[PDB]
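Novice: Okay, here's the structure, questions in a sec.
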Amino acid sequence: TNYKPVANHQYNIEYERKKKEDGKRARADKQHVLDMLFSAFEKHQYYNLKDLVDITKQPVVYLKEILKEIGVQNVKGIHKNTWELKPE
Amino acid sequence: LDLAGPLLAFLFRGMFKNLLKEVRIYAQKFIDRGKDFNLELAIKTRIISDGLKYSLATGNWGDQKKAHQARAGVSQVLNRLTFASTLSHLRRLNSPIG
Amino acid sequence: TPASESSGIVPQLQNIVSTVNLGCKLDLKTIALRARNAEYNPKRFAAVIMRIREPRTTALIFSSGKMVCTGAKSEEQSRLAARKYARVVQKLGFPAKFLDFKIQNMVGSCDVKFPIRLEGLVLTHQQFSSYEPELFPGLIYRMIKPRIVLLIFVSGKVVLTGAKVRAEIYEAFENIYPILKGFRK
Amino acid sequence: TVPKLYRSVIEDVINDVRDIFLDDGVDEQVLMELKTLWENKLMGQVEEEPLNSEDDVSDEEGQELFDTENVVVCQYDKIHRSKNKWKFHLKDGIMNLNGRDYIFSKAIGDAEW
Amino acid sequence: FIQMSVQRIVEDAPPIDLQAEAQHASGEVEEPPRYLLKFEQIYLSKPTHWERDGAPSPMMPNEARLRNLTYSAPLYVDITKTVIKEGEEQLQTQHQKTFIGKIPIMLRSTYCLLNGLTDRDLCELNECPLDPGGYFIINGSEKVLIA
Amino acid sequence: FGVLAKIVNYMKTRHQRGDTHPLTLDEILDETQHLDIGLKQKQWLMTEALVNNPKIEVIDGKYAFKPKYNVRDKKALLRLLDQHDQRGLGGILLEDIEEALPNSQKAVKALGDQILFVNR
Amino acid sequence: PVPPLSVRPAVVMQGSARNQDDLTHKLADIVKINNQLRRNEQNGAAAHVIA
Amino acid sequence: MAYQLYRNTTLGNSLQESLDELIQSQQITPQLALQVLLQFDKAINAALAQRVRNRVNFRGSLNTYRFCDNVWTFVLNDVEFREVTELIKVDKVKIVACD
Amino acid sequence: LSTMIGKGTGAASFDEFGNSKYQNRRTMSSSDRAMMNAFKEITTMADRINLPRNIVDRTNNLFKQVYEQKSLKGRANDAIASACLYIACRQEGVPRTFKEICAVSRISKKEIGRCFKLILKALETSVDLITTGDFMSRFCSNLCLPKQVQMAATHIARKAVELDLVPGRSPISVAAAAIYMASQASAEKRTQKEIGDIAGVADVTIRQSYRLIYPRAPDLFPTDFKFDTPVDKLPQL
């Protein structure tokens, strides 16, 4: 009925991965992050915020703080939301 | 005639499939998060353990909630009154009816 | 006091934790880049790490301008280290201040040099003691006199923490010593 | 042995930029001139901040200005420290010591500060 | 039912595979990981009981009735984990033998403890040699199925 | 595309600094150091991007700031509001602050003149 | 009309009151969803969800 | 992506100086010189991975250190480079490391 | 609270055009629906190591106290549930090692332990101290060791701790080395690796603990025991 380690072997693998570089994010340099948003706007008019944090590697509260500053939002159906850099 | 085997085969089959779905739900939620799979952690042993056990006890057949009213006396407490009631009761057989 | 001449040994200070606020916003990146004997890992942490050779110590300086200085074996060395750090920061052209220098934690240790009975100690002080060999090989005593935490070991070694002034260590130790002597194997 | 490696590198770089030179329409004589040049080159105050009473914690302005440092360029595998005890796991390295040329595929070290 | 049917059922045809979603908006460089689960031979241990101490021991039907236990036995299965992701790896496979549940034993069948014993052992165990068996013991109750 | 959003951000910053005076595309590209963004990008910016935006103020042969080409009068239309059969438009404070000046200076006089604030 | 307790007499059956009759269980939904329907309507409501 | 750091090398600088001459003579473009540097970078990275096979173990005193943008920069004094079949002592060395 | 509905009689039950017979049921206790989910995890885990319902009921009860206090709301229910299982098992006089509870839980040994100390303070309560006797049974039984070996093992364990031969050691390691000694003196010799695999302890931890007790091995056995091998012929590791 199985040996009892200190944690799951793989859990430790998960810990090791978390414990490799990735974790904290690069909130510094707004301009490069601004450029990245502009670059997002180079491919398509709107995106999911889940995708926006994935492509930027930044914290949500901050990505929101920026998106409040330079853009707007647009939701559809059941709280399905996309953001856009005010296309004109 | 559905004896012990055809009757049990039914009950255990439904439960093992129920357990197969439970491992799938568990493995799916983990894998959404990512990387830490444990097979032993996923199995809710109680699905088989309690499921056969409850049905053999109450008499209520099939899984609960929905269909169950189909069969009620598939199980009984063995009548130990004489030696013959035991022997006779073990060999009794029943037709489902109105 | 007579009760403090048996252990008359009086515990030795090993570590002090202090903080100080420079009172000004700082560019950690530039600081870290310019300074020698310094480390900054922004992708894994949010502050710059600094070390001097002298009273062998280390300090951590934050973007807010607050910093924490550790490693001194004395308040003088803590005042000495904080000032030395605040100096090099001044030397970075930033308006470094010595304002709000304060001791936050002190650690002490000593050796009573006798085998200790631990089942009794946990029995007699179940409302305070806790000893779990499965977690950590050493009994943890949470005193509320000068609200102090102690680590008591079978060897006789003792560590004390949670203090901000030396008197609390002697008081915590003067208090606990009779009990320890009374549980001597 | 290693001058050979630099030779290997000479062959690989020159060959891999031949086509690029060609794509620019530049003549192979310039490329040969490049190689020849390259080969020849190869050989309050009283309480708020009375800090000046602590001046100079430092022992020197710098060391890299002296150019007394034979240079080393390398990738790292692991960096470790335990107080004054530092541990280094380095890899894929190019050394130049007192004008002499050195290399390593892996290097492991320990050092005290 | 044991010698055939419970084997037949896990040896069905529903090997499950699971592929989490990847390249979530961006991506490129392979690997939406993929996992497959397979089931093998099934094992059934003679009917055991675990005390609150945690130590298992053999049960005997007379005990099962007095203390109101359920006379069941623990069931184990061989499970396999199998990764032939999109390319990087395929052979990493591991076999396990895992407890999945407890099935009630019919009394005096070949899986009961009573099935081999003579008249002397059964008199010894406190079970009547003349008892026909063939019925389950559930929470201390004799429960017989009806054809 | 992304350079046009950098131009709109610079023009928005010019109003936030205090100014709505019209400039050529060249004076914008020089102050934003996009003068060498490429002649093709400058041409597409001039003859499609500053043409596809209907909110740009065209004045003095030049382009000016930015969300309104008209009705930037920076005060409430009291005259329409006099007409109880047609009076109207309350709006969002953010558009009015965006329009020209901070609310507070105008508001001190307005708290005893016409304005009512609702926390909607 | 809400039947008085004598019509729904706390089935009891051991327990410590756990015998809050089943008609009471039906009444507890009726007040719950009605409490919810009155409060839903007090605020804003889509025409179909109130329906 | 391979690291530009080896462009800092004396060898790499000797290359850049050769290129600057060709640029001074205007026989090639600066952009082309930059392209030769990229190829040399890839080539020297490939060469290190494929050819180099020797290893060295070392001990010494640490004088000063730096860490920024995933790049470690040290300066050690009284260092001793030891190879399985060689010995090199040095008064001081600068070590730049990235990965 | 209340009731629920389902099915449809198979007659009218409109989806009218779409496929939704009459109406779907509704959730009712979402606010506390994670207390019931805690109980589901407690029972599942519990069955993996096959405790009686009485332990499981106290574990269930401990949790409800900690939850209502809200003093520990910041940590995962599965961490708090795993600690309850650990406390409950120890208070009931049948202690389980953290390594054991970690095996069945999805929470790491470190976090169950940290939660455990915090709950003791949270419920303003304390627990009994574990002894070697509490594990001697489970271990000797799972290795199919005769009752007689277990009895010796208990004695050896008990005597050793009385003699203070192991000043700073976990009771589990001491138990494990005692069992090994007993088993190597028995006919049913088991490897260090098997014991280590069951107790969770490293086989080197057994090696040290066995090395420390070995010099007094003759004096520790009970007089009733009959050797299979002389102690002058008991191997060293």
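Chain labels follow the order of the structure tokens: the first chain is A, the next B, and so on; residue numbering restarts at 1 in every chain, and ligands are counted from 1 in their shown order.
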Write out as a ChimeraX atom specification which residues come within 10 Å of range 18-35 of chain B when counting only C-alpha atoms, dropping same-chain ones fewer than 2 positions away.
Specialist: /A:10-15,17 /B:12-16,37-48,63 /E:10,14-22,33-35,37,100
Novice: Restricted to N, CA and C atoms, what would the selected residues look like written as a tab-separated table (two decimals), in the first residue's frame?
Specialist:
```
chain	number	residue	atom	x	y	z
A	10	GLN	N	7.57	13.05	-8.19
A	10	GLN	CA	7.19	14.06	-9.20
A	10	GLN	C	6.89	15.43	-8.56
A	11	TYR	N	6.24	15.46	-7.40
A	11	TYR	CA	6.01	16.73	-6.69
A	11	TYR	C	7.31	17.49	-6.51
A	12	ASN	N	8.33	16.76	-6.09
A	12	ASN	CA	9.67	17.29	-6.03
A	12	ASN	C	10.15	17.75	-7.41
A	13	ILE	N	9.88	16.99	-8.46
A	13	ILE	CA	10.14	17.47	-9.83
A	13	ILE	C	9.43	18.80	-10.09
A	14	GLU	N	8.14	18.87	-9.77
A	14	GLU	CA	7.39	20.13	-9.83
A	14	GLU	C	8.03	21.25	-9.02
A	15	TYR	N	8.48	20.93	-7.82
A	15	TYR	CA	9.20	21.90	-7.00
A	15	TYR	C	10.49	22.39	-7.65
A	17	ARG	N	11.27	22.36	-10.96
A	17	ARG	CA	10.88	23.21	-12.08
A	17	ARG	C	10.53	24.63	-11.59
B	12	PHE	N	-20.89	-4.97	-10.32
B	12	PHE	CA	-19.46	-4.63	-10.31
B	12	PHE	C	-19.04	-3.89	-11.59
B	13	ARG	N	-19.60	-4.29	-12.74
B	13	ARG	CA	-19.33	-3.62	-14.01
B	13	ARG	C	-19.65	-2.15	-14.00
B	14	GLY	N	-20.82	-1.81	-13.49
B	14	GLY	CA	-21.21	-0.43	-13.42
B	14	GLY	C	-20.29	0.34	-12.50
B	15	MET	N	-19.91	-0.27	-11.38
B	15	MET	CA	-18.98	0.37	-10.47
B	15	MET	C	-17.56	0.55	-10.95
B	16	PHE	N	-17.00	-0.43	-11.63
B	16	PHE	CA	-15.67	-0.24	-12.18
B	16	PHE	C	-15.66	0.87	-13.24
B	37	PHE	N	1.94	13.82	-11.58
B	37	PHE	CA	0.97	12.73	-11.61
B	37	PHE	C	1.24	11.59	-10.63
B	38	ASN	N	0.22	11.22	-9.88
B	38	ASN	CA	0.33	9.99	-9.12
B	38	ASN	C	-0.90	9.15	-9.36
B	39	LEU	N	-0.65	7.91	-9.75
B	39	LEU	CA	-1.70	6.99	-10.12
B	39	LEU	C	-2.44	6.51	-8.89
B	40	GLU	N	-1.69	6.17	-7.85
B	40	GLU	CA	-2.27	5.68	-6.61
B	40	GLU	C	-3.15	6.69	-5.92
B	41	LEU	N	-2.78	7.96	-5.99
B	41	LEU	CA	-3.59	9.02	-5.40
B	41	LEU	C	-4.95	9.21	-6.06
B	42	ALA	N	-5.06	8.86	-7.34
B	42	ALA	CA	-6.29	9.09	-8.10
B	42	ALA	C	-7.49	8.18	-7.75
B	43	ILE	N	-7.24	6.91	-7.46
B	43	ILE	CA	-8.32	5.93	-7.28
B	43	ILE	C	-9.17	6.09	-6.03
B	44	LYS	N	-10.45	6.43	-6.18
B	44	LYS	CA	-11.33	6.46	-5.01
B	44	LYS	C	-11.81	5.07	-4.60
B	45	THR	N	-11.02	4.32	-3.82
B	45	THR	CA	-11.30	2.90	-3.58
B	45	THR	C	-12.73	2.58	-3.14
B	46	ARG	N	-13.32	3.52	-2.42
B	46	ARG	CA	-14.69	3.43	-1.92
B	46	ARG	C	-15.75	3.16	-3.00
B	47	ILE	N	-15.50	3.51	-4.25
B	47	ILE	CA	-16.51	3.29	-5.28
B	47	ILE	C	-16.88	1.82	-5.37
B	48	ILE	N	-15.89	0.95	-5.46
B	48	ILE	CA	-16.11	-0.51	-5.44
B	48	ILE	C	-16.46	-1.01	-4.04
B	63	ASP	N	-27.22	1.33	-9.37
B	63	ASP	CA	-26.70	2.50	-8.67
B	63	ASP	C	-27.86	3.41	-8.24
E	10	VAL	N	-12.28	-5.69	-16.34
E	10	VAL	CA	-11.15	-4.76	-16.44
E	10	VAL	C	-10.34	-5.02	-17.71
E	14	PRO	N	-11.40	-0.18	-22.62
E	14	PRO	CA	-11.43	1.27	-22.54
E	14	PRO	C	-10.11	1.88	-22.07
E	15	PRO	N	-8.95	1.49	-22.65
E	15	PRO	CA	-7.72	2.14	-22.15
E	15	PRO	C	-7.84	3.64	-22.29
E	16	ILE	N	-7.68	4.39	-21.21
E	16	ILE	CA	-7.89	5.82	-21.31
E	16	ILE	C	-6.58	6.56	-21.60
E	17	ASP	N	-6.65	7.57	-22.47
E	17	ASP	CA	-5.53	8.48	-22.69
E	17	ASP	C	-5.90	9.93	-22.37
E	18	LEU	N	-4.94	10.75	-21.95
E	18	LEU	CA	-5.28	12.14	-21.68
E	18	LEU	C	-4.27	13.12	-22.23
E	19	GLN	N	-4.73	14.11	-22.99
E	19	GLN	CA	-3.79	15.06	-23.57
E	19	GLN	C	-4.13	16.48	-23.12
E	20	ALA	N	-3.38	17.01	-22.16
E	20	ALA	CA	-3.60	18.38	-21.71
E	20	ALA	C	-3.38	19.36	-22.86
E	21	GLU	N	-3.99	20.54	-22.78
E	21	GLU	CA	-3.83	21.56	-23.82
E	21	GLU	C	-2.52	22.33	-23.69
E	22	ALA	N	-1.92	22.64	-24.82
E	22	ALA	CA	-0.63	23.32	-24.84
E	22	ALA	C	-0.60	24.35	-25.96
E	33	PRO	N	1.93	17.19	-24.08
E	33	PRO	CA	2.11	15.88	-23.46
E	33	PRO	C	0.87	14.99	-23.47
E	34	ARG	N	1.12	13.69	-23.53
E	34	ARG	CA	0.09	12.69	-23.72
E	34	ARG	C	0.37	11.49	-22.82
E	35	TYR	N	-0.68	10.97	-22.18
E	35	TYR	CA	-0.55	9.91	-21.17
E	35	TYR	C	-1.58	8.86	-21.50
E	37	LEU	N	-3.32	5.06	-20.00
E	37	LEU	CA	-3.45	4.11	-18.89
E	37	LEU	C	-4.05	2.79	-19.32
E	100	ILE	N	-7.54	-1.59	-5.20
E	100	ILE	CA	-8.59	-0.75	-5.80
E	100	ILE	C	-9.86	-0.87	-4.96
```
Novice: Identify all residues of chain G in alpha helix (DSSP H) (DSSP on the backbone) and supply them as an mmCIF file with C-alpha atoms, in the first residue's frame.
Specialist:
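Resulting contents of part.cif:
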```cif
data_model
loop_
_atom_site.group_PDB
_atom_site.id
_atom_site.type_symbol
_atom_site.label_atom_id
_atom_site.label_comp_id
_atom_site.auth_asym_id
_atom_site.auth_seq_id
_atom_site.Cartn_x
_atom_site.Cartn_y
_atom_site.Cartn_z
ATOM 1 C CA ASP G 22 -40.453 16.635 4.395
ATOM 2 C CA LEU G 23 -43.346 19.044 3.736
ATOM 3 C CA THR G 24 -41.117 21.468 5.629
ATOM 4 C CA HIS G 25 -38.384 20.598 3.187
ATOM 5 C CA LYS G 26 -40.761 21.512 0.368
ATOM 6 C CA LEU G 27 -41.629 24.755 2.207
ATOM 7 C CA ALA G 28 -37.967 25.599 2.647
ATOM 8 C CA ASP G 29 -37.462 25.607 -1.114
ATOM 9 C CA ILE G 30 -40.581 27.715 -1.627
ATOM 10 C CA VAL G 31 -39.486 30.457 0.739
ATOM 11 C CA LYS G 32 -35.890 30.174 -0.573
ATOM 12 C CA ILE G 33 -36.710 30.643 -4.237
ATOM 13 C CA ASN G 34 -39.437 33.152 -3.456
ATOM 14 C CA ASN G 35 -37.097 35.089 -1.173
ATOM 15 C CA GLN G 36 -34.685 34.965 -4.079
ATOM 16 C CA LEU G 37 -37.307 35.956 -6.597
ATOM 17 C CA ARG G 38 -38.424 38.994 -4.649
ATOM 18 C CA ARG G 39 -34.801 40.084 -4.130
ATOM 19 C CA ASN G 40 -33.974 39.335 -7.743
ATOM 20 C CA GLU G 41 -36.828 41.563 -8.867
ATOM 21 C CA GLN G 42 -35.911 44.316 -6.388
ATOM 22 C CA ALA G 47 -36.783 38.994 -18.605
ATOM 23 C CA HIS G 48 -36.159 35.288 -19.092
ATOM 24 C CA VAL G 49 -34.446 34.414 -15.811
ATOM 25 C CA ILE G 50 -37.343 35.922 -13.832
#
```
Novice: Please tabulate, as CSV, the residues of chain H that come within 8 Å of chain D, each with its closest pair of atoms and the distance in Å to one decimal, counting only C-alpha atoms and ordering rows by chain, then residue number upward.
Specialist:
```
residue,atom,partner,partner_atom,distance
H:5,CA,D:73,CA,7.7
H:6,CA,D:73,CA,7.0
H:9,CA,D:73,CA,7.7
H:11,CA,D:42,CA,7.2
H:14,CA,D:41,CA,6.2
H:15,CA,D:38,CA,6.1
H:18,CA,D:38,CA,5.7
H:19,CA,D:34,CA,6.9
H:22,CA,D:34,CA,7.1
H:27,CA,D:30,CA,6.8
H:28,CA,D:26,CA,6.7
H:32,CA,D:21,CA,7.7
H:36,CA,D:17,CA,6.1
H:39,CA,D:13,CA,6.6
H:40,CA,D:13,CA,5.5
H:43,CA,D:13,CA,6.3
H:44,CA,D:9,CA,6.6
H:47,CA,D:9,CA,7.0
H:48,CA,D:92,CA,6.3
H:49,CA,D:92,CA,7.1
H:51,CA,D:5,CA,7.8
H:52,CA,D:105,CA,5.7
H:53,CA,D:105,CA,5.3
H:54,CA,D:104,CA,5.0
H:55,CA,D:104,CA,5.0
H:56,CA,D:107,CA,5.1
H:57,CA,D:108,CA,5.1
H:58,CA,D:109,CA,4.8
H:59,CA,D:110,CA,5.2
H:60,CA,D:111,CA,5.0
H:61,CA,D:112,CA,4.8
H:62,CA,D:113,CA,4.5
H:63,CA,D:113,CA,6.1
H:64,CA,D:113,CA,7.9
H:92,CA,D:69,CA,5.3
H:93,CA,D:69,CA,4.2
H:94,CA,D:69,CA,5.4
H:95,CA,D:72,CA,5.0
H:96,CA,D:73,CA,5.4
H:97,CA,D:75,CA,5.0
H:98,CA,D:75,CA,5.0
H:99,CA,D:75,CA,5.3
```
Novice: Excluding residue 134 in chain C and any residue of its chain fewer than 3 positions from it, enumerate the residues within 8 Å of it, using only C-alpha atoms, and give them as a list in words.
Specialist: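 The residues that qualify are residues 137 of chain C; 97, 98 and 170 of chain I.
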Novice: Those selected residues, please, written with N, CA and C atoms and delivered as a short mmCIF file (atom, residue, chain, number, x, y, z; two decimals), in the first residue's frame.
Specialist:
```
data_model
loop_
_atom_site.label_atom_id
_atom_site.label_comp_id
_atom_site.auth_asym_id
_atom_site.auth_seq_id
_atom_site.Cartn_x
_atom_site.Cartn_y
_atom_site.Cartn_z
N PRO C 137 14.72 17.41 15.18
CA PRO C 137 15.38 16.78 16.33
C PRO C 137 15.73 17.79 17.40
N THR I 97 3.09 7.79 11.19
CA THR I 97 4.19 8.69 10.90
C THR I 97 3.80 9.70 9.82
N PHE I 98 4.41 10.88 9.80
CA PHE I 98 4.15 11.86 8.74
C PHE I 98 4.39 11.33 7.34
N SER I 170 14.93 9.62 16.53
CA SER I 170 13.50 9.42 16.34
C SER I 170 13.11 8.05 16.89
#
```
Novice: For CA of residue 143 in chain E and CA of residue 78 in chain B, quote the distance in Å rounded to one decimal.
Specialist: 5.5 Å
